[PDB]
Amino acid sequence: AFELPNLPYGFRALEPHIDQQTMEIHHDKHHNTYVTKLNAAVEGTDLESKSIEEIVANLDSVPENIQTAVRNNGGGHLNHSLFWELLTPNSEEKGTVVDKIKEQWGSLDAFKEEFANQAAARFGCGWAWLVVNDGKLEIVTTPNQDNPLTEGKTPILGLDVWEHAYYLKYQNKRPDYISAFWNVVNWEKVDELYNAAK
């Protein structure tokens, strides 16, 4: 059975970029709900013993009776699990992926602008991703709890742009949330995901 992972830091460690109250509710309620519903769905089946990464990567192969339940709640569990580890109070804009970004986009700023444009343009609930697509870096957004893994693209950075992730602090100002995000990116975790790619 899947478990809610502890945050790698205190609920207020990401202030003033993400507020304590959001980290608490987002982790203890929203993510916890995804875990509950995922467990109910796969309870006493083959999937119960697989990694959430392998389940989401091979969604198309999940029994049709529960496929959507696993897509949404399995997606939720993986996405938020990645998100907690991708955030840090000790963000350093350096490493393997930062260097690769500087080469491909010309600057970290130019990449941040494209990511922020894509993230703001995602109408409704979803995520903005940096992915490795066949060795190349690409920015893509997905609806709901969908994950590029399912489409054979490895995600190495994700931003949750569901309104529950930003509304208490930023209300309608999603662009301001996206700007604050850069201050708490764990580029060490980004490098880790990139290096484990394919």
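Sequential numbering from 1, following the sequence displayed.
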With respect to the recorded C-alpha B factors, which stretch has the higher mean value, 67-75 or 109-117?
67-75
Between 158-166 and 57-65 (mean CA B-factor, as deposited), the higher
57-65
Record-listed C-alpha B factor of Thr141: chain third
middle
Would you please rank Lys153 by its C-alpha temperature factor against the other modelled residues of its chain and give the third it falls in: lowest, middle or highest?
highest
Give the position of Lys50 by CA B-factor within its chain, expressed as the lowest, middle or highest third.
highest
Using the temperature factors of the C-alpha atoms in this entry, rank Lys29 within its chain: lowest, middle or highest third.
middle
Ordered by C-alpha B-factor within the chain, which third holds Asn172? Give me lowest, middle or highest, please.
lowest
